[PDB]
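Take a look at the structure tokens below, where one protein chain is shown in two forms, each on its own, as structure 1 and structure 2.
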Structure 1
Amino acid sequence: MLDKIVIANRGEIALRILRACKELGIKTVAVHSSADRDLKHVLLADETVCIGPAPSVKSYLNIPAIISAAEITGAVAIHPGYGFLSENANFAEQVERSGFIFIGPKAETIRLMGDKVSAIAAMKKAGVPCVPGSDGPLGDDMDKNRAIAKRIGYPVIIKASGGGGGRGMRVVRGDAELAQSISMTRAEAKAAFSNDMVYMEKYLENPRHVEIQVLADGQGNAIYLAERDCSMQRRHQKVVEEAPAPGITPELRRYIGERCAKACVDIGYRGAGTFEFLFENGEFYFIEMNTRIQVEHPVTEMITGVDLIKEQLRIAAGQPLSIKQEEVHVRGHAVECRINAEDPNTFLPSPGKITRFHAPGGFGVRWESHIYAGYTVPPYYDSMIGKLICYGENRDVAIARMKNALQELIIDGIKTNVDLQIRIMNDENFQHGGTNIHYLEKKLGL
């Protein structure tokens, strides 16, 4: 096993990784900004290194500082968590070039999945169903681009190859708006990604967001760990995630899961990963792959018994996956509610000092958060301060436990979305299940 690792992240995910390390007897190095000295995981870590000031550019995105911290502490690996540098192929490359293990796939694989055009080509080649599209980047010939749009059939959507997670796309409903839509998407892509490449897909009207979790080791094993429905979202920010996805049968799960695992083998995938799909009229369409462990990983852990972070670390050390595909069983149901420090009317981050804190407990209740009484949520980082995960023998029990747990949760001194989460749990359409990606924003609009 890895002797010692740098946790190149903060907040709840840093604590999550620290726990997994502690379980495996791995020494921890907590790199942190000057604003994060009193983070729970920092206080629990074996060694700590202040890598810079509050702003992320000089701390959590500071590649030299992070690598230097690994060097000086004699760490052997770096876990990037999610966000920050976790999908930064150049960082992964530098980590490996510097002689440390990057907890993720090969840098070339990160780069492939970061190039949405090339990722789709690879997935399509491997037998994964994709959205009907341009199958290549759009040029500047608008006669050709109109022909592609006609072949696909309107509405279509223009997307930046360097984008993803809702970033760098726009819907086109007729020829009249096509040229300008392509030009603007391209200009925004150039400005944001220093990559002006764009592509076209059919715009699905009312899909659900359903993603598949995979794990692949360096011994050739690749497994899928069911799916997650992430359709309950606002402006591409997930709000509630659940596993399994309501209405997905064992046969569909098998069908799409096997295709994702096969794709992993074809591309030489290593580590945890997520295949994102749109799901509509009983059909899956691949849009994007993530290579990091994600925020919503805990729902998959609850329904499979697999500790995904521990698997990442075992894989990185050269150990095979601790479980075979035949040993992966979906059992029960899990729901995750993201807890955000945000204003209820604006939805802007609402930082501040927590004056009173109480976490929920009980059977099937899992609380993932670094916060504590007297902890100050800084203004410099994301608004998500914790994750409440509830498991039950079925979806109704999971939801009932969530309702109870949300009622026990006390976070005074700052504004949170606990009340909104309670409203969602009480929503009759959510209780029925299978609401589409548009549902929450429509509910909030009314």
Structure 2
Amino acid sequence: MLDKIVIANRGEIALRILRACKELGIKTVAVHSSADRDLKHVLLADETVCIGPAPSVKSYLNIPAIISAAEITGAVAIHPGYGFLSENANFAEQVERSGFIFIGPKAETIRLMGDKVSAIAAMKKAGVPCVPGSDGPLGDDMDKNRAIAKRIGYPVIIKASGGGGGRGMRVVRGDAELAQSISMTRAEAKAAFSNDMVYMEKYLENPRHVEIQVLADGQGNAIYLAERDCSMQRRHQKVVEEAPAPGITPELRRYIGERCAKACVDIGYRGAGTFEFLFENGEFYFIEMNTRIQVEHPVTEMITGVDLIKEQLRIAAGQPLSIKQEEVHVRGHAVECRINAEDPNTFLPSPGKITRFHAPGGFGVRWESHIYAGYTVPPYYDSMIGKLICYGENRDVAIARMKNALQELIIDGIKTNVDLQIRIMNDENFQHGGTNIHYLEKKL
């Protein structure tokens, strides 16, 4: 095992990683911004280094500061978690160049799958089903460009090739009105992620978001660990996730799973990753791969027994996969509710001091959060402050337990989305299962 690692993240995921490290006897170095001195994982870590002031650009995105901390503490590896630099290929390259293990894929794999156009091209070659689309960047030649939309059918979506948020997304329905429809997306794309390149694919109108968890050792072994349904979304951000996806048969699971594990071998993937699909009329359509741990990884852990972070660490240490495909079994069902420090109706972020806190407990109840009473949620970072995960022998049991756990959870002093989550668990269509990616915003 790795002697000592830097956790190059914060909040709940930093704590999640610290726990895995402690279990495996790996020493921890918590690097943190000056605003994050009081983070639970910082207080639990073996060593701590303040890497800069509060803004992410000066701390968690500060490559030289993170490397320097890893060097001075004598760490051998860096776990980037999710967000921040986890899918920054230049960071992964630099970490390895500086002589460290990067707990993630090779930098070239990150680049391959981080550019949507090269990603889709790689997936088609591997035999992963994709959304019929432009299969390349968009050009001003409307005589062949606007013929792309006709070939596939309307509506269509304009997506940024370096996009990953509420920017670089544009819904186009009109045939003639496309001589300036590509303008709105390109402006936002260079305004956000400094890359104007955009592509076109079919806007699927009744799809679910179904994604496949993979693990690969980078030695030729690759497994899939069932699927998750993450269809409950607001502004394209997931709110509720569950595993396995309702209605997905063992045969559909193996069909898509086998293709994802083959794609891993084909691209030389190393570590944890997730293939995201739109699922409509019994067909999967690849949209993107997250080349990192997934936020909602706990629901997969609950239904498979596989500790995904510990697996990332064993892989990073050069161990071949400890698990054969035949040994991956889906048992029971799990639901995750993201807990966000934001207003449950207007969604104004709600940073501030938590004056009273009580975590839910019980059989099948899992609570993933750094928050504690007296802790101040800083304004500088993403609003997700915790994740509540409930497991049961079936989906109805998991939901029942979630309803109860959400009622037990106390977070006073700030607004949270707990009231929204309660509403979702209470929604009759959610309870039936199979609601599409447009449902939550329609409900709201």
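By convention here, residues take numbers in order along the sequence of structure 1, the first being 1. For clarity, a rigid core is taken as the largest C-alpha set superposing within 1.5 Å between two forms.
Between the two chains shown, which is the form solved in complex with biotin (BTN)? That would be structure 2.
After superposing on the rigid core, which residue among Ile371, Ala189, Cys264, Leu313 shows a C-alpha displacement of 2 Å or more between structure 1 and structure 2? Shifted by 2 Å or more: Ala189 only.
Inspect the rigid-core superposition and answer whether the C-alpha of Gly164 shifts by 2 angstroms or more between structure 1 and structure 2. Where the cores coincide, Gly164 still shows a C-alpha shift between structure 1 and structure 2 that is 2 Å or more.
Could you tell me the distance the CA of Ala179 travels between structure 1 and structure 2 after a rigid core superposition, in angstrom? On core superposition, this C-alpha lies 2.1 Å from its counterpart.
Rigid-core-fitted C-alpha displacement of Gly127 between structure 1 and structure 2 (angstrom): Superposing on the rigid core gives a C-alpha shift of 0.7 Å for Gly127.
Could you check how much the CA of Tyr203 shifts between structure 1 and structure 2 after a rigid core fit, in angstrom? So the C-alpha of this residue moves 1.4 Å.
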